[PDB]
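> Got a structure for you, written out below as structure tokens; questions coming shortly.
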Amino acid sequence: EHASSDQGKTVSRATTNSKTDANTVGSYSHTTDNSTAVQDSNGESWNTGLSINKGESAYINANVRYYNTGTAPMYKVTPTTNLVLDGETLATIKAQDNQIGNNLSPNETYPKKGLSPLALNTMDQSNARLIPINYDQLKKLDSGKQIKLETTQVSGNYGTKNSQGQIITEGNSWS
Amino acid sequence: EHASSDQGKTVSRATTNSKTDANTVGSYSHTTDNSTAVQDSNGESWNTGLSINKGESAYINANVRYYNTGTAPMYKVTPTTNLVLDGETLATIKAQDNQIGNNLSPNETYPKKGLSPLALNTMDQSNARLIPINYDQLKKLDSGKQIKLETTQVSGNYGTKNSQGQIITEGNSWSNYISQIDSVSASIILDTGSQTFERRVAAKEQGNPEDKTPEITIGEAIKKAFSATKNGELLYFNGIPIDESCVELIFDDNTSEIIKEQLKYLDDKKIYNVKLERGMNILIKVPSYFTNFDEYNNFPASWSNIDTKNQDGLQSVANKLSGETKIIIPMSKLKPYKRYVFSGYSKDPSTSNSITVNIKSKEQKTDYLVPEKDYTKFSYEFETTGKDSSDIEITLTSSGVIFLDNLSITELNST
């Protein structure tokens with residue numbers, strides 16, 4: 001939401017020169033009057049505003065950790081996850097460069113045990129576009145309602161030895 | 001935040017021509033009046049405003065440096081880091097073109113020693129999108145709260161020679177070997193106080209009859225892993241002795257239980273004589289202040305009542321503690337807000353004498369120890385507070401004749 005605040009000040013001066021001519025008939029009388037007024041004014045103002053876009057009301061950041069309970073490690077772990085709120089899927093995100101785990105041995109996690117979780121922050125390929133929710137979804141979050149994460153699939157590689165002694169994990173897709 | 005300022009000015013002129021007609025009946029009278037007014041007005045205004053987006057209130061720039069404490073260089077060093085503020089991860093950034101280190105030799109940094117740190121500035125692939133924080137996070141930063149950085153992983157390459165004489169480092173990913181090396185090795189870390197060195201030494205799999213990895217002791221593994229020099233019994237790093245008795249050995253729960261388990265069935269029980277095993281996590285801490293009564297001594301002061309005219313020491317000679325020994329440790333020479341441990345070797349052939357161990361610190365703590373017939377290690381911890389505080393005093397009083405050797409002060413983790 002865009003929050004703004006403004007502060008104003010004003011000074012002014014008005015000079016009035018009024019000339020009036022009056023005649024009365026009943027006996028006859030003539031009246032002439034000349035007036036001069038000087039007015040000085042000061043003022044100040046305060047404004048506060050806030051605006052919101054109802055289609056992109058908020059951005060969400062999910063802190064996540066990957067687990068491996070199988071028998072083989074996975075290289076270049078690339079999960080795809082659903083973010084679900086109150087019976088609708090807000091987003092489905094495939095991990096990009098920032099969220100890819102290089103190594104995930106069995107019975108281990110990424111990030112490892114003593115480290116804090118990742119930030120699933122973006123939805124686009126270049127890790128530049130944040131994950132939006134609309135106003136209705138934001139209102140739901142401002143209540144008991146919680147976003148659940150489900151992992152729909154995980155991409156990753158296995159290792160083989162090439163003609164030399166090198167281990168390759170590049171075209172070796174687990175899927 | 002968008003800050004604006006405006007300045008205005010106004011002039012105006014109003015002319016009024018008023019004609020009024022009035023009649024009074026009571027006698028009858030008629031009144032006619034004509035008026036003309038000219039008004040001139042001047043005015044000026046000043047406006048200042050500021051606006052903020054509450055979702056992208058601020059951008060953060062982290063100045064970072066990469067370190068290599070291993071045995072091999074890394075090419076195209078590409079770390080991934082978490083930025084954590086008050087129990088939430090603001091961002092996880094993988095280094096892009098601007099933040100990639102071409103070369104990172106062992107025991108070196110990128111950027112190198114004399115240069116200023118990098119700028120971890122952007123979060124997207126093209127190095128074009130700045131790292132945002134929201135209003136709540138910004139408010140937290142406008143307080144004691146600090147962002148911490150954690151490195152979750154590092155990508156990089158190794159070099160090989162191709163069919164020609166050329167070195168290639170392009171498809172040679174280190175992450176293809178990290179899992180494998182960690183699975184067949186024991187971890188050994190040497191901490192000299194200022195520098196750290198991390199090693200992986202291959203060890204045989206316990207149950208496998210087809211595993212033909214040679215078996216070596218912990219002492220042999222340490223010598224191999226750090227290229228230490230063996231002066232008979234003495235094992236020397238660059239200049240520091242890294243013998244079992246001259247350092248502090250820290251293990252995790254699993255390693256400690258294995259060493260203890262394997263010690264009983266061993267003659268001349270020494271930790272360095274235990275066979276290295278997979279999954280061990282040995283950590284060697286060089287003491288901040290260590291004195292073996294011989295030639296090596298780096299205590300800030302001199303211990304009182306030293307008797308070097310002996311030959312019943314741990315290595316060559318020992319300090320015959322018959323009375324009281326005291327040293328003075330100025331707080332300037334010692335790191336504040338650090339938890340230390342006092343260690344040494346005590347032997348009591350008489351098996352009757354008792355030692356009073358008094359440590360002067362932020363809190364006064366004294367304990368009594370009875371030395372055994374043979375040399376044994378004792379460990380006593382203490383805490384410190386404030387750079388400019390009371391000096392540290394250590395006193396050792398013995399009932400009778402006591403042999404002391406290899407007294408050390410080692411800094412443990414923070415408080």
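Convention: chains lettered A, B, ... in structure tokens order; per-chain residue numbering from 1; ligands numbered from 1 as shown.
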When DSSP is applied to the backbone of this structure, which of segment 60-233 of chain B are assigned helix (DSSP H, G or I)? Write them out as an MDAnalysis selection string.
chainID B and resid 97:99 135:141 175:184 218:226
> Taking only C-alpha atoms into account, produce a table as a Markdown table in which each residue of chain A with an atom at most 7 Å from an atom of chain B appears once, together with its shortest atom pair and the distance in Å to one decimal, ordered by chain and rising number.

| residue | atom | partner | partner_atom | distance |
| --- | --- | --- | --- | --- |
| A:1 | CA | B:54 | CA | 5.5 |
| A:2 | CA | B:53 | CA | 4.6 |
| A:3 | CA | B:52 | CA | 5.5 |
| A:4 | CA | B:51 | CA | 4.0 |
| A:5 | CA | B:49 | CA | 5.6 |
| A:6 | CA | B:49 | CA | 4.1 |
| A:7 | CA | B:48 | CA | 5.4 |
| A:8 | CA | B:47 | CA | 4.4 |
| A:9 | CA | B:46 | CA | 5.3 |
| A:10 | CA | B:45 | CA | 4.4 |
| A:11 | CA | B:43 | CA | 5.7 |
| A:12 | CA | B:43 | CA | 4.0 |
| A:13 | CA | B:42 | CA | 5.5 |
| A:14 | CA | B:41 | CA | 4.2 |
| A:15 | CA | B:40 | CA | 5.4 |
| A:16 | CA | B:39 | CA | 4.3 |
| A:17 | CA | B:38 | CA | 5.5 |
| A:18 | CA | B:37 | CA | 4.0 |
| A:19 | CA | B:36 | CA | 5.3 |
| A:20 | CA | B:35 | CA | 3.9 |
| A:21 | CA | B:34 | CA | 5.1 |
| A:22 | CA | B:33 | CA | 4.0 |
| A:23 | CA | B:32 | CA | 5.4 |
| A:24 | CA | B:31 | CA | 4.4 |
| A:25 | CA | B:30 | CA | 5.2 |
| A:26 | CA | B:29 | CA | 4.1 |
| A:63 | CA | B:89 | CA | 6.6 |
| A:97 | CA | B:94 | CA | 6.7 |
| A:98 | CA | B:94 | CA | 5.1 |
| A:102 | CA | B:175 | CA | 6.3 |
| A:103 | CA | B:179 | CA | 6.6 |
| A:105 | CA | B:179 | CA | 6.4 |
| A:111 | CA | B:152 | CA | 5.7 |
| A:117 | CA | B:89 | CA | 6.8 |
| A:118 | CA | B:92 | CA | 6.0 |
| A:119 | CA | B:91 | CA | 5.3 |
| A:126 | CA | B:125 | CA | 5.2 |
| A:127 | CA | B:124 | CA | 4.8 |
| A:128 | CA | B:124 | CA | 5.0 |
| A:167 | CA | B:176 | CA | 6.3 |
| A:168 | CA | B:176 | CA | 6.8 |
| A:169 | CA | B:176 | CA | 6.6 |
> Tell me, as a short mmCIF file (atom, residue, chain, number, x, y, z; two decimals) with N, CA and C atoms, in the first residue's frame, which residues lie within 12 Å of residue 224 of chain B, counting only C-alpha atoms; anything in the same chain fewer than 2 positions away does not count.

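Heads up, here's the output in around.cif:
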data_model
loop_
_atom_site.label_atom_id
_atom_site.label_comp_id
_atom_site.auth_asym_id
_atom_site.auth_seq_id
_atom_site.Cartn_x
_atom_site.Cartn_y
_atom_site.Cartn_z
N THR B 71 41.69 -27.34 0.69
CA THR B 71 42.97 -27.74 0.12
C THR B 71 43.03 -27.46 -1.38
N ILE B 188 38.08 -33.02 9.81
CA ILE B 188 39.05 -32.52 10.77
C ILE B 188 39.23 -31.03 10.52
N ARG B 199 39.56 -30.05 6.63
CA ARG B 199 40.08 -31.16 5.85
C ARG B 199 39.08 -32.30 5.84
N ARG B 200 39.22 -33.18 4.83
CA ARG B 200 38.46 -34.42 4.72
C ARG B 200 39.44 -35.55 4.46
N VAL B 201 39.45 -36.55 5.35
CA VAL B 201 40.36 -37.67 5.25
C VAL B 201 39.53 -38.93 5.04
N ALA B 202 39.89 -39.71 4.02
CA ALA B 202 39.12 -40.89 3.67
C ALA B 202 39.27 -41.94 4.76
N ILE B 216 44.18 -45.67 9.18
CA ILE B 216 45.19 -44.87 9.84
C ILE B 216 44.62 -44.37 11.17
N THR B 217 45.52 -43.97 12.08
CA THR B 217 45.11 -43.44 13.37
C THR B 217 44.74 -41.96 13.21
N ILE B 218 44.15 -41.40 14.26
CA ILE B 218 43.77 -39.99 14.27
C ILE B 218 45.03 -39.12 14.18
N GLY B 219 46.09 -39.53 14.88
CA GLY B 219 47.35 -38.80 14.82
C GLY B 219 47.93 -38.78 13.41
N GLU B 220 47.91 -39.94 12.74
CA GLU B 220 48.42 -40.03 11.38
C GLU B 220 47.57 -39.17 10.44
N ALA B 221 46.26 -39.18 10.64
CA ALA B 221 45.35 -38.42 9.79
C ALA B 221 45.61 -36.92 9.95
N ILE B 222 45.87 -36.48 11.18
CA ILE B 222 46.13 -35.08 11.45
C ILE B 222 47.43 -34.67 10.77
N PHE B 226 47.30 -31.80 7.49
CA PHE B 226 47.82 -30.45 7.66
C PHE B 226 49.30 -30.36 7.31
N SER B 227 49.87 -31.42 6.72
CA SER B 227 51.29 -31.42 6.38
C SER B 227 52.15 -31.05 7.59
N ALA B 228 51.82 -31.60 8.77
CA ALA B 228 52.57 -31.30 9.98
C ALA B 228 53.93 -31.98 9.93
N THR B 229 54.89 -31.43 10.68
CA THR B 229 56.23 -31.98 10.77
C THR B 229 56.36 -32.69 12.12
N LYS B 230 56.98 -33.87 12.11
CA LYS B 230 57.10 -34.68 13.32
C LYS B 230 58.54 -34.60 13.83
N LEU B 235 54.60 -32.87 17.21
CA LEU B 235 53.96 -32.64 15.93
C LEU B 235 53.73 -31.14 15.76
N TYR B 236 54.31 -30.58 14.70
CA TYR B 236 54.35 -29.14 14.53
C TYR B 236 53.58 -28.72 13.28
N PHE B 237 52.72 -27.72 13.44
CA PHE B 237 52.17 -26.99 12.31
C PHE B 237 53.21 -25.96 11.87
#
> Set the distance at 8 Å and use only C-alpha atoms: which residues neighbour segment 270-284 of chain B once local chain neighbours fewer than 4 positions away are removed? I'd like the list as a VMD selection string.
chain B and resid 183 to 191 202 to 206 215 to 221 244 247 to 252 254 to 255 259 262 to 263
> Rank B:332, B:364, B:304, B:413 by their smallest atom-to-atom distance to residue 397 of chain B, using only C-alpha atoms, and report the top residue only.
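Comparing B:332, B:364, B:304, B:413 against residue 397 of chain B, the winner is B:304.
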> Which residues, written as a VMD selection string, have at least one atom at most 8 Å from residue 120 of chain A, with only C-alpha atoms counted and residues fewer than 6 positions away on the same chain left out?
chain A and resid 61 to 64 95 99
> Next, the residues of the selection above should be written as a PDB file, in the first residue's frame with N, CA, C and O atoms.

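What follows is the written file part19.pdb:
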ATOM      1  N   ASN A  61       6.132 -14.228   0.990  1.00  0.00           N
ATOM      2  CA  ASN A  61       7.440 -14.851   1.007  1.00  0.00           C
ATOM      3  C   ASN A  61       7.322 -16.101   1.873  1.00  0.00           C
ATOM      4  O   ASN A  61       7.015 -15.998   3.061  1.00  0.00           O
ATOM      5  N   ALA A  62       7.550 -17.274   1.274  1.00  0.00           N
ATOM      6  CA  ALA A  62       7.480 -18.533   2.010  1.00  0.00           C
ATOM      7  C   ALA A  62       8.881 -19.022   2.347  1.00  0.00           C
ATOM      8  O   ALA A  62       9.689 -19.179   1.444  1.00  0.00           O
ATOM      9  N   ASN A  63       9.151 -19.243   3.637  1.00  0.00           N
ATOM     10  CA  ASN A  63      10.418 -19.792   4.075  1.00  0.00           C
ATOM     11  C   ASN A  63      10.285 -21.304   4.105  1.00  0.00           C
ATOM     12  O   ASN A  63       9.465 -21.823   4.859  1.00  0.00           O
ATOM     13  N   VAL A  64      11.096 -21.989   3.286  1.00  0.00           N
ATOM     14  CA  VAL A  64      10.939 -23.418   3.092  1.00  0.00           C
ATOM     15  C   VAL A  64      12.273 -24.131   3.278  1.00  0.00           C
ATOM     16  O   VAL A  64      13.333 -23.517   3.216  1.00  0.00           O
ATOM     17  N   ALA A  95      11.096 -23.914  -8.354  1.00  0.00           N
ATOM     18  CA  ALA A  95      12.319 -23.296  -7.866  1.00  0.00           C
ATOM     19  C   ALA A  95      13.188 -22.820  -9.033  1.00  0.00           C
ATOM     20  O   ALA A  95      13.393 -23.550  -9.997  1.00  0.00           O
ATOM     21  N   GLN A  99      16.604 -20.679  -5.514  1.00  0.00           N
ATOM     22  CA  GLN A  99      15.984 -21.661  -4.638  1.00  0.00           C
ATOM     23  C   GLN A  99      16.457 -23.084  -4.929  1.00  0.00           C
ATOM     24  O   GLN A  99      15.996 -24.024  -4.279  1.00  0.00           O
TER      25      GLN A  99
END
> Got a sec: who's within 9 Å of residue 77 of chain B, counting only C-alpha atoms, leaving out chain neighbours fewer than 6 positions off, as a count of residues only?
12
